[PDB]
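# Examining the three-dimensional arrangement
Okay, here's what each chain looks like letter by letter:
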Amino acid sequence: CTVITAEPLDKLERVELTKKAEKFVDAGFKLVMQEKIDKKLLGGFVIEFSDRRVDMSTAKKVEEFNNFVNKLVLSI
Amino acid sequence: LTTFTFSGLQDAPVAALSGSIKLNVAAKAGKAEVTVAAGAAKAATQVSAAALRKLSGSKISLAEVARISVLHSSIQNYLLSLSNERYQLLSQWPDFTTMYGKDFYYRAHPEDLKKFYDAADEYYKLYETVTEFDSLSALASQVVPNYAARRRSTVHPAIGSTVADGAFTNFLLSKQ
Amino acid sequence: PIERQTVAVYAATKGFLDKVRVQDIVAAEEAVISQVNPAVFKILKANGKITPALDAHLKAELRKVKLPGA
Amino acid sequence: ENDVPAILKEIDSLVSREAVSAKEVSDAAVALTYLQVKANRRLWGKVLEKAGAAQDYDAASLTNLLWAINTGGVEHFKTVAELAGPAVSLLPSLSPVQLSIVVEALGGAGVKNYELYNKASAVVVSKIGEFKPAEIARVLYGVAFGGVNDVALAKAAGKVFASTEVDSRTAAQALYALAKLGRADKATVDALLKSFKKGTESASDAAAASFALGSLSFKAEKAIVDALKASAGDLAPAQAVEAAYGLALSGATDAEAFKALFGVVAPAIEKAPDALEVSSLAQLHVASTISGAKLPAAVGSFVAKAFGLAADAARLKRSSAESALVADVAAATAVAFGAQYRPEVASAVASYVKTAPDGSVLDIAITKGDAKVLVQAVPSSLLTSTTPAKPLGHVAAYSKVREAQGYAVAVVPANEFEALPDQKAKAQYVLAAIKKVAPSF
Amino acid sequence: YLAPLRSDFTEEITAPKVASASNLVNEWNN
Amino acid sequence: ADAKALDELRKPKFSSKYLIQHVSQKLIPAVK
Amino acid sequence: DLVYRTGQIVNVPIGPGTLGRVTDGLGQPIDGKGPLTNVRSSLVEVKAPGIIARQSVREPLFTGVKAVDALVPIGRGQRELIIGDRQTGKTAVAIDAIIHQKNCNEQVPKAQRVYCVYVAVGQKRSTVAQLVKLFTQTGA
Amino acid sequence: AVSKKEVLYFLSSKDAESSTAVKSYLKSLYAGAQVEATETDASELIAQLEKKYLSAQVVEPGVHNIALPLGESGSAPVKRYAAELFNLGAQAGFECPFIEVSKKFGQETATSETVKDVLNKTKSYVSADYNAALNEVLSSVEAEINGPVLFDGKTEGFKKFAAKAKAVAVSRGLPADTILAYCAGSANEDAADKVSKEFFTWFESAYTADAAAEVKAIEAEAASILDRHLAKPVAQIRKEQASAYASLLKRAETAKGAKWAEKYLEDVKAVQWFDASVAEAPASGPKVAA
Ligand SMILES: Nc1ncnc2c1ncn2[C@@H]1O[C@H](COP(=O)(O)OP(=O)(O)OP(=O)(O)O)[C@@H](O)[C@H]1O
Ligand SMILES: [Mg+2]
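My aim in this report is to walk through the structure given alongside it, one point at a time.

## Some thoughts on the overall build of chain F
Along the backbone of chain F there are one helix and zero strands. Projecting the C-alpha coordinates of chain F onto the three principal axes gives extents of approximately 45 × 15 × 15 Å. Buried residues in chain F amount to 56% of all 32 residues. For chain F, the accessible surface area stands at approximately 1500 Å², while carbon and sulfur atoms represent 45% of it.

Here is the structure:
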């Protein structure tokens with residue numbers, strides 16, 4: 001695995017996003033999370049499985065928020 | 001205005017400045033003897049020093065009563081004051097109906113006479129269209145939406161390039 | 001449109017454009033559309049068909065046209 | 001021989017003609033002021049139209065017009081704010097008293113003209129002994145209410161107010177101006193409170209000193225309080241509510257003063273419940289809560305609703321560095337009650353935002369059973385502008401109204417909070433401020 | 001006299017694009 | 001009909017204010 | 001390089017907001033008039049309507065070309081091949097069928113109006129700029 | 001009806017239709033009605049979207065209520081116009097323009113490592129005549145260092161840029177040092193007051209110049225529209241304006257059930273009332289029940 005977040009993790013965030021990330025392995029697989037730092041993310045995490053990527057970051061949440069808002073106000 | 005005003009009967013006007021309305025007051029120790037007249041009328045009332053302090057208790061709070069908007073009436077007023085500057089140079093047009101007689105018809109070249117009659121027709125077109133003043137109120141509605149969308153800004157209604165530039169120096173030349 | 005097309009092929013197949021020279025049949029048929037009455041095009045647009053009360057009126061109107069060459 | 005609507009129609013026809021100069025406008029406005037014409041607004045509107053239209057201006061016509069605009073209580077921001085052209089073009093040509101009336105009128109309306117207040121402050125500090133102290137209070141009122149935080153004019157005024165004996169109305173104006181600036185310099189305020197020894201001739205001025213000493217949170221002076229209880233028919237309801245508010249904030253408990261003040265403002269609300277601003281109804285709830293004087297049945301619940309309305313509206317229009325400060329102080333309450341991780345402090349500050357009883361929203365509301373400790377952040381907008389930098393009177397106002405609903409408000413100001421090193425110091429500071437008001441937590 | 005209603009926001013902070021002075025005074029003088 | 005008000009006549013007329021309100025009324029329950 | 005799958009089969013914006021506009025091979029407008037307002041995405045590879053989804057071609061499609069409208073007439077729902085050699089009048093037959101629908105749309109009721117789509121594949125970009133100029137100054 | 005986020009933004013509003021809705025809500029509250037709860041919900045993106053679409057409903061009747069100072073003499077009507085826009089922004093929930101656009105800069109550049117992405121991501125809020133002049137100076141110091149100029153402040157690879165960017169800022173026409181000294185502050189109030197009184201002269205120069213540029217562009221647009229309009233004959237003018245008015249009426253009459261459509265046709269009827277009321281007494285104006 002590769003979990004790359006904004007700031008370095010403390011103990012409860014690790015146990016939380018490990019429980020969040022084990023809902024993405026398609027068995028009883030034993031995730032071997034790697035930790036990296038990227039402050040271009042503003043919180044959240046992005047998981048790099050080298051086969052798939054689930055981007056739970058808040059920078060992408062802001063980007064999809066703004067894309068949905070600019071999508072919806074032009075239909076109204 | 002504020003809720004508390006501190007003006008009245010202390011360094012007030014003791015005389016009027018025009019010729020059209022006559023004011024004289026006798027500021028005594030407590031009160032004032034105000035007696036005013038404007039042409040055909042007389043008015044002599046009594047105010048105290050605490051009678052003008054009660055005057056600013058409820059505010060008048062004037063407001064424009066506009067046909068469409070105060071903004072739209074300002075744009076229409078500018079269009080009217082521009083139509084005035086075009087109409088002033090249609091007021092300086094030389095009188096061509098002094099040359100409508102048959103003395104000037106038959107001395108003149110036929111093409112120059114047809115040009116002179118076209119010039120008179122053109123002045124009538126320009127003068128019929130500069131005095132269509134019912135069209136200015138719909139001309140002002142084409143300046144209104146683009147201006148109102150420029151004021152409907154995500155930053156501030158009153159933002160411009162110079163304030164944003166000064167804030168960019170303050171944001172940039174301070175640390176990070 | 002469709003009605004000025006079918007009046008022109010009418011005037012070409014009902015013999016009205018015989019003895020007109022071949023060089024200005026392309027030039028005669030503007031007269032066959034302009035000089036023929038503009039309200040006979042409305043009936044053939046509204047009916048969609050040459051009625052018996054219209055061929056006898058249209059071929060009366062294809063005779064009051066001034067064709068070139070002739 | 002004495003027909004005042006006849007002279008009203010003749011000055012209506014004076015300002016309805018097409019080439020009226022500024023002097024006829026000035027004299028018509030002055031005649032409308034001296035005649036107390038508040039029922040007819042259209043005539044005042046004609047005078048203001050011709051005041052904005054007129055172009056030539058000398059000193060005396062401009063100052064008579066501006067004096068009439070103040071004293072009549074008429075407001076039209078476009079006309080008054082466009083009179084800053086004749087003001088700033090004639091500023092050396094104005095007399096000391098004329099400059100005082102000009103800057104007082106252009107400040108009291110709210111004209112944002114920094115050239116005018118800078119070129120007026122330079123005149124007041126250039127010729128300071130040349131000015132009567134009432135003119136000093138007038139320019140202080142103008143530069144304070146014009147949005148200029150002028151320290152130089154305030155100190156040069158305070159030296160004069162220490163040097164010269166001033167009038168009661170002059171003192172009330174300087175108190176109102178210093179409270180709008182938010183100064184609370186004691187060496188000026190106690191020098192200005194020796195001028196309320198004659199009695200106050202206008203209860204507008206005693207009400208304004210009441211409000212200024214309440215917002216600066218100084219004292220209940222008893223030469224102002226009995227003057228307010230003796231002349232509480234002199235005041236409009238919006239003036240009397242600021243009187244009662246500034247009496248409650250400054251530590252007065254005179255129940256008959258608040259009774260005579262609420263006798264002004266209650267039949268206005270039964271006369272029209274929309275007649276006052278929601279700011280003034282919140283100030284009425286503050287004054288009815290701190291001094292504890294009673295309101296009628298339909299009025300007390302009404303101002304109880306409107307206090308929550310005004311405080312919640314000030315929460316929605318938060319200064320966005322007060323939002324950052326409330327976020328930092330709420331994280332300090334999270335670390336203070338024990339949370340060493342980021343999801344812990346996140347779910348704590350998501351939990352401290354319980355609602356108020358009146359419909360409002362409290363940002364940091366901590367509940368342990370029945371005892372409730374609220375934390376209140378005070379950024380800089382509610383801080384005093386001076387070096388001691390204590391919170392203003394509205395801080396203790398909101399604290400005392402929240403304390404009458406079951407809270408123990410722990411005021412955490414930002415002049416001390418953002419001086420602190422890091423989150424451990426901030427957490428123990430907030431816990432100290434919580435234990436100082438209720439050690440149960 | 002009336003205008004179409006618009007609901008959009010100006011995201012930029014730009015120069016207000018001063019338009020070109022038309023030739024009508026010089027053309028009418030001609 | 002005649003002599004409406006002052007507070008009814010102070011309204012600017014063809015401002016948006018309700019197309020903005022229509023967008024914010026159709027938008028916020030859709031984006032929550 | 002990294003390739004991400006979008007999850008979606010190839011689709012284009014359809015609707016009445018495409019009327020008037022010049023798009024590229026997938027939807028995106030190339031005329032410089034901003035985004036396509038009032039439009040909706042749908043797949044480009046749709047199964048054609050089967051037997052029960054049709055009816056017989058009976059309404060006429062007028063091209064305005066009398067060599068076509070007399071001798072080889074065209075109904076609505078009919079596909080007609082314009083085949084020819086290099087510079088014959090192939091586009092000119094098809095441009096005349098589009099311009100003629102503008103002349104008929106002003107005269108028919110709103111239900112029987114024909115909305116035209118010209119797909120320009122492999123042409124010059126200035127060849128299709130000459131057609132947008134022709135469809136503008138005719139009004140088609 | 002208002003939704004209580006509607007009415008908290010309209011308490012400090014002073015336009016007409018906001019104030020009558022506030023007064024009707026308070027007269028509902030006085031007659032035995034409770035306030036509803038305030039939503040302590042709608043996390044930060046929805047809260048920002050709501051305050052964005054609620055500031056516009058305070059700004060939009062306020063922009064239409066501000067008379068433009070078109071064709072005026074002196075800078076005092078321009079200062080009236082700019083102070084009215086300032087007051088409208090303060091009533092709608094904005095801060096000072098300086099604070100607000102600085103907040104926009106700091107919001108758009110929380111991810112910024114280099115000065116290149118600073119000068120490329122705040123391009124929509126800085127003028128092109130200043131962004132290009134800072135881009136060429138960033139390139140001039142980048143040619144010196146041959147390493148990317150980073151957004152650090154303490155790194156003097158940034159400071160070699162910033163000492164020339166201050167020269168660009170003073171060559172634009174704006175005093176950068178009094179701005180930096182204002183937003184840096186001081187300890188003693190007497191020495192920070194003398195630099196706040198210089199910052200406010202710059203600030204008044206800047207917002208008066210921005211309002212004056214907007215007013216001159218509106219004057220140029222009005223004069224261009226008029227000179228294009230005075231070239232037509234009158235029947236063309238009448239049929240163009242009547243056709244546009246008829247289309248804009250039918251676009252609001254095909255809207256049935258929308259609130260803006262009923263408000264549109266009610267304002268059309270109020271304009272027709274204004275015309276009838278000045279036709280009844282043209283020397284007195286419209287009839288105002290005072
Ligand atoms: N009906 C017509 N009458 C006169 N000239 C025509 C007619 N149709 C086409 N032309 C001329 O023939 C030339 C070729 O027409 P067109 O562009 O349709 O060719 P094409 O068959 O589309 O070939 P290509 O696709 O290679 O351009 C055009 O320049 C046009 O001027
Ligand atoms: Mg071709």
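From this point, things continue past the structure.
## A word on the site of ligand 1
All names here are of chain G. Around ligand 1 lies a shell formed by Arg86, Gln87, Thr88, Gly89, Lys90, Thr91 and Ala92. Within the contact set of ligand 1, an oxygen atom lies 2.8 Å away from a backbone nitrogen or oxygen of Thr88. One nitrogen or oxygen atom from the side chain of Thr91 is found 2.4 Å from an oxygen atom belonging to ligand 1. Relative to its free-state accessible area of 620 Å², ligand 1 is covered by the protein chains to the extent of 40%. Its residues placed into classes, the shell around ligand 1 shows one nonpolar, four polar and two charged.

## Some details on the interface of chain F and chain B
Each partner contributes residues to the interface: chain F has nine residues there, and chain B has eight residues. Approximately 590 Å² of surface area, both sides summed, lies buried where chain F meets chain B, with 59% of it carried by carbon and sulfur atoms. There are three residue pairs in polar contact connecting chain F and chain B. Broken down by class, the residue content of the side of chain F that touches chain B amounts to five nonpolar, one polar and three charged.

## A closer look at unusual backbone geometry
Look at D:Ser217: it is not a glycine, yet its phi comes out positive at around 60°. With respect to the helices and strands, the residue D:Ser217 is situated in the loop between helix 13 (203-215) and helix 14 (225-230). Backbone geometry at H:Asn146 places phi at a positive 55°, although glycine is not the residue there. Of note, H:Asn146 is situated in the loop between helix 6 (128-145) and helix 7 (156-172). When its relative accessible area of 68% is taken as the criterion, H:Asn146 is described as exposed.

## Quick notes on empty space enclosed by the protein
Per the counting criterion, the structure on display carries seven cavities of 30 Å³ or more. Considered as a void within the structure, the largest cavity measures approximately 120 Å³ in volume. Along the walls of the largest cavity sit 15 residues, with F:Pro12, F:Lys13, F:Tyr18, H:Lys263 and H:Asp267 positioned nearest its centre. The element contributing the most residues to the lining of the largest cavity is helix 11 (residues 259-280) of chain H, with five residues. Split into classes, the residues belonging to the lining of the largest cavity amount to six nonpolar, two polar and seven charged.

## Here we look at the interface of chain B and chain H
Listed as interface residues are 57 residues of chain B and, on the opposing side, 76 residues of chain H. Buried area between chain B and chain H, summed over both chains or domains, comes out near 5900 Å², and the portion from carbon and sulfur atoms is 70%. Summed over the shared surface of chain B and chain H, the number is six salt bridges. With a closest N to O distance of 2.6 Å, H:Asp227 and B:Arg86 form a salt bridge. Of all the elements in the fold, those that place two or more residues in the side of chain B that touches chain H are helix 1 (70-90), helix 3 (110-130), helix 4 (136-139), helix 5 (144-151) and helix 6 (161-173) of chain B. No other element matches the 13 residues that helix 6 of chain B contributes to the side of chain B that touches chain H. Partitioning the side of chain B that touches chain H into residue classes produces 29 nonpolar, 17 polar and eleven charged.

## Points about the packing of aromatic side chains
For any pair of aromatic rings, geometry is given as the distance between the ring centres together with the angle between the planes. Counting across every chain of the model gives 50 aromatic pairs over all chains. When the ring of B:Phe4 is compared with that of D:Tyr176, the centres are 5.5 Å apart and the planes differ by 85°; the resulting orientation is edge-to-face. Separated into two different chains, B:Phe4 in the segment before strand 1 (22-27) and D:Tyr176 in helix 11 (residues 168-181) make up a pair that spans both. Each member of the pair, B:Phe4 together with D:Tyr176, is buried. With centroids separated by 5.1 Å and ring planes inclined at 80°, the aromatic side chains of D:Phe302 and H:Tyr30 adopt a geometry described as edge-to-face. Taken together, the residues span two chains, with D:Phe302 in helix 18 (residues 297-316) and H:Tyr30 in helix 1 (residues 16-30). Exposure remark for D:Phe302: the relative accessible area of 1% places this residue in the buried category. Through a chain of ring-to-ring contacts, three or more aromatic side chains come together here, namely B:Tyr87, B:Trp93, B:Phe96, B:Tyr100, B:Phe116, B:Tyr117, B:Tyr123, B:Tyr124 and B:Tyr127. Across from the ring centre of A:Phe49, 4.2 Å away, lies the NZ or CZ of A:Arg52, which sits over that ring.

## Observations concerning the pattern of salt bridges
A side chain of one charge can pair with a side chain of the opposite charge when the charged atoms of the two come close. For the structure shown, the criterion picks out 52 salt bridges over all chains. Of the charged contacts, one joins D:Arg138 and B:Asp11 as a salt bridge, the two residues approaching to 3.4 Å between their closest N and O atoms. Linking D:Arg138 in helix 9 (residues 133-145) with B:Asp11 in the segment before strand 1, this pair reaches from one chain into another. For B:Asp11, a relative accessible area of 33% gives the class partly exposed. Between D:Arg318 and D:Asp363 there is a salt bridge, with the nearest N and O atoms lying 2.4 Å from each other. Remark: D:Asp363 occurs in the loop between helix 20 (342-349) and strand 1 (365-368) and D:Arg318 occurs in the loop between helix 18 and helix 19 (322-336); sequence separation between them is 45 residues. A single burial state applies to D:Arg318 and to D:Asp363, both of which are buried. By sharing partners, the salt bridges in this structure join A:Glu7, A:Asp10, A:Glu13 and D:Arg342 into a single network.

Rules used throughout
- Per chain, the count goes from 1 following the written sequence and can depart from the entry's numbering; residues without coordinates do not appear at all.
- Here the convention is simple: chains get letters from A, ligands get numbers from 1, in the order in which they are written.
- Reported values pertain to the displayed chains only, which are themselves part of a larger assembly.
- Where side-chain values are given, they derive from all heavy atoms of the structure, hydrogens and water being excluded.
- Secondary structure elements are defined from DSSP: runs of H or I of at least 4 residues count as helices, runs of E of at least 2 residues count as strands, and each element is numbered from the N terminus.
- Each residue is placed in one exposure class: buried if its accessible area under a 1.4 Å probe, protein chains only, is under 20% of its type's maximum, exposed if it is over 50%, and partly exposed if it falls in between.
- Surface accessibility in these figures is a Shrake-Rupley result with a 1.4 Å probe; residues are shielded only by whichever protein chains are displayed.
- Nearness is judged by heavy atoms alone; a residue qualifies as near a molecule or strand once a single heavy atom is within 4 Å of it.
- Within 3.5 Å is the distance limit for a polar contact, defined as a pair of N or O atoms, with the added protein rule that one can donate a hydrogen and the other accept it, and that residues adjacent in sequence qualify only through two side-chain atoms.
- Under the convention adopted here, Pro, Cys and the residues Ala, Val, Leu, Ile, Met, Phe, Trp and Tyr are nonpolar, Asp, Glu, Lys and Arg are charged, and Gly plus all remaining residues are polar.
- Should any heavy atoms of two residues lie within 4.5 Å, those residues are considered in contact.
- Two parts placed together each lose some accessible area; with a 1.4 Å probe, that loss summed over both constitutes the buried area.
- With a 1 Å grid spanning the protein atoms alone, the term cavity applies to any set of points in which a 1.4 Å probe fits but cannot get out, the term pocket to an open set with protein on both sides within 12 Å along at least five of seven lines, and the term lining residue to any residue with an atom within 4 Å of a point.
- Grid points are joined across faces, edges and corners, and a volume is the space filled by probe spheres set on the points.
- The term salt bridge refers to a side-chain nitrogen of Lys or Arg lying within 4 Å of a carboxyl oxygen of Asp or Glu.
- Ring pairs shown here join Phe, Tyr and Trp side chains whose ring centres sit within 6.5 Å, with only the six-membered ring taken for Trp; geometry is labelled stacked below 30 degrees between planes, edge-to-face above 60, and tilted in between.
- Only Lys NZ and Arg CZ are tested; either one counts as a charge over a ring when it is within 6 Å of the ring centre and within 35 degrees of the ring normal.

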